[PDB]
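Student: coords please:
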Amino acid sequence: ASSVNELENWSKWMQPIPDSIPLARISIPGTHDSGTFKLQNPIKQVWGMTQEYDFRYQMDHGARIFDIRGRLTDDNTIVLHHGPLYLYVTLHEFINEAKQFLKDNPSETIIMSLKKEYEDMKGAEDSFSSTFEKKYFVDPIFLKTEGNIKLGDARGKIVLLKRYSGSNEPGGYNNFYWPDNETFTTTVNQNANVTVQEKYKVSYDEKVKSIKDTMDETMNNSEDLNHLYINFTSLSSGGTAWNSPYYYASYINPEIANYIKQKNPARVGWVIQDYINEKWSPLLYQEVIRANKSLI
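Tutor: Numbering: from 1, shown residues only. Now the structure:
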């Protein structure tokens, strides 16, 4: 917890950061629609795929925020979906990957975002929220404290970001407004503000400026520990190749990485990207992690 070259260890980069720092203040990399890596079908890949590697690979590359979209089934379990498309990945599968990673690298923590992606199957017994909280959230790995959660309290546990409305169990970040397809700012608990930029389905130029504008506001508000910044760099238009999430990501990722490298900011926020890999020139996730050198 003294050297900045400790941030270069993607598997244990949160180790050098102080316990007292709220998770909201740390610049954290994330993945959009994390569980689409198994899609091998052509027509399906062009529309729904946003990641090419598994959960463990993502975690070993510094990613700490995961975008999980689920659906309640006839068997009373929760599986991962992209619209009406079953992804061949379950919620249990994600939690078990996260558990093993937290065991191997105890200085870290993972933030899990959960959202209901499609309507429940006919024969389900209970509701989406009830099934999640009774069969999953009850596991000791989930942090059950609320408020402006700090890194020290989060180490070794999973922190929930609720994007569903049925909740009855305390823990993590609660559900808030969140209007569809746009940038906004609201309130979470009693001690926090949130600014989100999730403009999917928008022109390329409009998207790039929305990301930069939101990122500029975060740099200028580096000391506001009570403000949470969530910035999605993913774009979803009309697949059909050369218009797919892959095409877009190959330009947006190197572009935004360089933008951070030039500005030398103290804070960048939570950046949820598509296609985390080692292909594109300057690495987006790496530049986000390095923006935390000011916390050390």
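
Student: For stretch 5-19, measure first residue to last.
Tutor: 18 Å (C-alpha to C-alpha, to the nearest Å).

Student: Do a quick rundown of the strands in the stretch 1-150 of the chain.
Tutor: 29-31, 65-72, 78-82, 85-90, 110-116 (DSSP state E, counting those that start in this stretch).

Student: Quick one: list the elements packing against the fourth one.
Tutor: Just to be clear, that refers to strand 85-90. Secondary-structure packing of strand 85-90 (3 or more C-beta pairs under 8 Å, 6 or more residues apart in numbering; DSSP states H and E): strand 78-82. The C-beta positions use only the backbone N, C-alpha and C, and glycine is treated the same way.

Student: what secondary structure does residue 238 sit in?
Tutor: Using DSSP: H, G, I helix; E, B strand; the rest coil, the structure places residue 238 in coil.

Student: Give me the contact list for stretch 11-23.
Tutor: Contacts to stretch 11-23, defined as C-beta atoms under 8 Å, 6 or more residues apart in numbering, come from residues 1-4, 6-7, 9, 26, 59-60, 62, 64, 104-105, 107-109, 111, 148-152, 154-155, 159, 225, 289, 292, 295-296.

Student: List the buried residues for that stretch?
Tutor: 12, 13, 14, 16, 17, 21, 22, 23 (16 or more other C-beta atoms under 10 Å).

Student: returning to that earlier point: ok, which of the strands of the stretch 1-150 of the chain comes nearest residue 37?
Tutor: strand 85-90 (7.9 Å; C-beta to C-beta).

Student: Mind jotting down where the helices sit in the stretch 101-250 of the chain?
Tutor: 128-135, 151-154, 204-219, 245-263 (DSSP state H, counting those that start in this stretch).

Student: Any chance of a markdown table for those helices, columns mean neighbour count?
Tutor: Shown next, in a markdown table, are these (neighbours: other C-beta atoms under 10 Å):
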| stretch | mean neighbour count |
| --- | --- |
| helix 128-135 | 19 |
| helix 151-154 | 18 |
| helix 204-219 | 17 |
| helix 245-263 | 18 |
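
Student: Just put the ones you listed in TSV and tack on distance to residue 94.
Tutor: Below are the helices of the stretch 101-250 of the chain laid out as TSV (distance: least, C-beta to C-beta, whole Å):
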stretch	distance to residue 94
helix 128-135	12
helix 151-154	18
helix 204-219	26
helix 245-263	20
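
Student: For residue 143, which of the ones you listed is the nearest?
Tutor: Closest among these, using C-beta to C-beta: helix 151-154, at 5.9 Å.

Student: So which elements touch that closest one?
Tutor: Counting by 3+ C-beta pairs under 8 Å, 6+ apart, helix 151-154 packs on no helix or strand.

Student: Could you check how far it is from the centre of its chain?
Tutor: Here helix 151-154 is found 18 Å from its chain centre; the criterion is C-alpha atoms, centre = their mean, to the nearest Å.

Student: The chain should start at 13 in everything you say after this.
Tutor: Noted, 13 is the first residue going forward, which turns the last one into helix 163-166.

Student: Name the surrounding residues that touch that helix.
Tutor: 26, 29, 30, 31, 32, 33, 34, 35, 38, 121, 155, 157.

Student: Next, find the distance separating residue 209 from residue 218.
Tutor: According to C-beta to C-beta, to the nearest Å, residue 209 and residue 218 sit 11 Å apart.

Student: now swap in residue 281 and tell me
Tutor: 19 Å.

Student: and what of residue 144?
Tutor: Distance from residue 144 to residue 218, by C-beta to C-beta: 35 Å.

Student: With residue 141 instead?
Tutor: Taking C-beta to C-beta, one finds residue 141 at 34 Å from residue 218.

Student: got the contact list for the closest residue to residue 305 other than its chain neighbours?
Tutor: Using C-beta to C-beta, 6 or more residues apart in numbering and skipping the chain neighbours, the partner closest in space to residue 305 is residue 16 (4.9 Å). By C-beta under 8 Å, 6+ apart, residue 16 lies in contact with 28, 305, 308.

Student: Residue 59 too?
Tutor: Per C-beta under 8 Å, 6+ apart, neighbours of residue 59: 251, 256.

Student: Quick check: most distant residue from the centroid of this structure.
Tutor: Distance from the C-alpha centroid of the chain, by C-alpha atoms, centre = their mean, peaks at residue 135 (31.0 Å).
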